[PDB]
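# A structural walkthrough
So the chains spell out like this:
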Amino acid sequence: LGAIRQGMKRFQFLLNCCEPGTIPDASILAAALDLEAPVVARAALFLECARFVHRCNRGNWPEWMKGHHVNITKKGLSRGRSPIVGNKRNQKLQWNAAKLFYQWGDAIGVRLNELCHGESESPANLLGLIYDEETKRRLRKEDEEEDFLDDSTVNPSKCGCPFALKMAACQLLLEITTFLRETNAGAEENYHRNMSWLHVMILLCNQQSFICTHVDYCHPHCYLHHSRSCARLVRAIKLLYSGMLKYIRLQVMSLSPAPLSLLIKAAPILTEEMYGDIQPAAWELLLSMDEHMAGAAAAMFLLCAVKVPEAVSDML
């Protein structure tokens, strides 16, 4: 059952020697949803990429990404040179990254803008989702039996794409923003302030809807159904197995607060019409249960209130 697991560890050494900002491709990062691959392998790739992004972010660098492996005199084509050039090589590696991680996240991101019509459950379909009992009990059984130890119920041809996969893409982009803002000299500062694909994260927050009644059920656009979805997937990833588990237990614990912290990390670049759309979302998510979720909703609402206090004044 866990024969993927060690293979991922094998994949871990395939991200231990290759150059950052070269592997993988933008297009195979974009179009990897309509194949025979479930949500769990996509999320595993997302968390592995995020793990190596945190390796390039916090300070836990690998041995070859610190400049110690070019000084020793080889027995061919070799001459005495200081390893400072190897430090420049590692400055090259993240200069391959800080561009291409932007471009790969572009190529995923506009694909997800096209995936807004991909799994597009209509508002009429949503009003049938929340109240009509048939697809109610259908997707409630699909959200409740959601665990990744049996490959027969949760994903039929290993092709399903719920909104929890979109939150997993959101937390991968979240770690991309932990890299890009902090860690060929023209667009090095032009690749953080202007991102051409961030309107659909707020759109997914508008698809984090609030027409629910919470009588033993939430509709698959309600963020409590998203909370139960990400809770079921975190329970799945803690049933399938430890250092990658260490990373998961050190970072995320719930995928529903991902666009919240995304909006904290990308506050000042937005024009304020989108702010006038995000203060209603600030009203809806302040009923949340987690300290991370409701607390980051409080800090987002705090920042949009110290930005725009008159809409706050009108809703008081």
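Residues numbered from 1 in each chain as written, not as in the entry; some residues may be left out. Part of a larger assembly, values for the part shown. Heavy atoms only, no water.

This entry, as listed in the PDB, derives from cryo-EM and reports a resolution of 4.5 Å.

Looking only at helices and strands, the protein features 14 helices and 0 strands. Ordering the α and β elements of the protein from the N terminus gives α-α-α-α-α-α-α-α-α-α-α-α-α-α. The C-alpha radius of gyration of the protein comes to 22 Å, within 12% of the 20 Å expected for a compact globule of 316 residues. The principal-axis extents of the C-alpha atoms in the protein amount to approximately 75 × 55 × 30 Å. Burial statistics for the protein: of 316 residues in total, 43% are counted as buried. When the accessible surface of the protein is totalled, it reaches about 17,900 Å², and 59% of it is carbon and sulfur. (Helix = DSSP H or I, 4+ residues; strand = E, 2+ residues; numbered from the N terminus. Rg over C-alpha atoms; globule rule 2.2 N^0.38 Å. Buried < 20%, exposed > 50% of the residue type's maximum accessible area, 1.4 Å probe, protein only. Areas by Shrake-Rupley, 256 points an atom, 1.4 Å probe, with all protein chains shown as cover.)

This part takes up the environment of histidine 226. Note that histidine 226 resides in helix 9 (residues 223–237). On the basis of relative accessibility, which here comes to 4%, the residue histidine 226 falls in the buried class. Between the alpha carbons of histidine 226 and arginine 193 there is a distance of 29 Å; along the sequence they are 33 residues apart. Those residues in contact with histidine 226 that sit more than four places away from it in its chain are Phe163, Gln207, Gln208, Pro220 and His221. Within the structure, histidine 226 has its side chain in polar contact with the backbone oxygen of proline 220 (distance 2.8 Å). (Contact = heavy atoms within 4.5 Å. Polar contact = N/O pair within 3.5 Å; in protein donor to acceptor, adjacent residues only side chain to side chain.)

In this section: the layout of surface pockets. Counted as a void, the largest pocket has a volume near 1,000 Å³. Elements represented by at least two residues in the lining of the largest pocket include exactly helix 1 (3–14), helix 2 (26–30), helix 3 (39–55), helix 4 (84–114), helix 7 (163–180) and helix 8 (199–206). Here the element with the most residues in the lining of the largest pocket is helix 3; it accounts for 8 residues. Among the residues making up the lining of the largest pocket, the classes are represented as 35 nonpolar, 3 polar and 5 charged. (1 Å grid on protein atoms, 1.4 Å probe; cavity = no way out; pocket = protein on both sides within 12 Å on 5 of 7 lines; lining within 4 Å. Points joined across faces, edges and corners; volume = space filled by probe spheres on them. Nonpolar A, V, L, I, M, F, W, Y, C, P; charged D, E, K, R; others polar.)

Another aspect to go through is the environment of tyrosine 102. Along the chain, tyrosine 102 turns up in helix 4. Since its relative accessible area comes to 11%, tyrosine 102 is described here as buried. Excluding residues that lie within four positions of it along the chain, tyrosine 102 makes contacts with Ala97, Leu180, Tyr191, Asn194, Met195 and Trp197.

Put simply, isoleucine 23 and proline 24 share a cis peptide bond, and its omega is 0°. One non-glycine residue, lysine 158, lies in the positive phi region at around 50°. Position of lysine 158 relative to the elements: it lies in the loop between helix 6 (133–144) and helix 7. Residue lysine 158 is classed as partly exposed on the basis of its relative accessible area of 34%. Located in the positive-phi region is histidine 214, a residue other than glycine, with phi close to 60°.

In contact at an axis separation of 6 Å, helix 5 (residues 123–131) and helix 6 are set at 80° when each is read in the N-to-C sense. Put simply, helix 5 runs roughly perpendicular to helix 6. Contacts between helix 5 and helix 6 involve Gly128, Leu129, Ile130 and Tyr131 from the former and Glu133, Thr135, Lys136 and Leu139 from the latter. The residue makeup of the contact of helix 5 with helix 6, split by class, is 4 nonpolar, 2 polar and 2 charged. (Axes fitted to C-alpha atoms, helices over the stretch in contact; angles between N-to-C directions. Parallel < 35°, antiparallel > 145°, perpendicular 65-115°, else oblique.)

With that out of the way, let us pick up the pattern of salt bridges. Counted according to the given criterion, the structure contains 8 salt bridges. One salt bridge in this structure joins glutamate 114 and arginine 111, with 2.8 Å as the shortest N-O distance. One end of the pair, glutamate 114, and the other, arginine 111, are both in helix 4, 3 residues apart, so they sit about a helical turn from each other. Given a relative accessible area of 47%, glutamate 114 falls into the partly exposed group. When its relative accessible area of 26% is taken as the criterion, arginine 111 is described as partly exposed. (Salt bridge = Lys/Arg side-chain N within 4 Å of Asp/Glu carboxyl O.)

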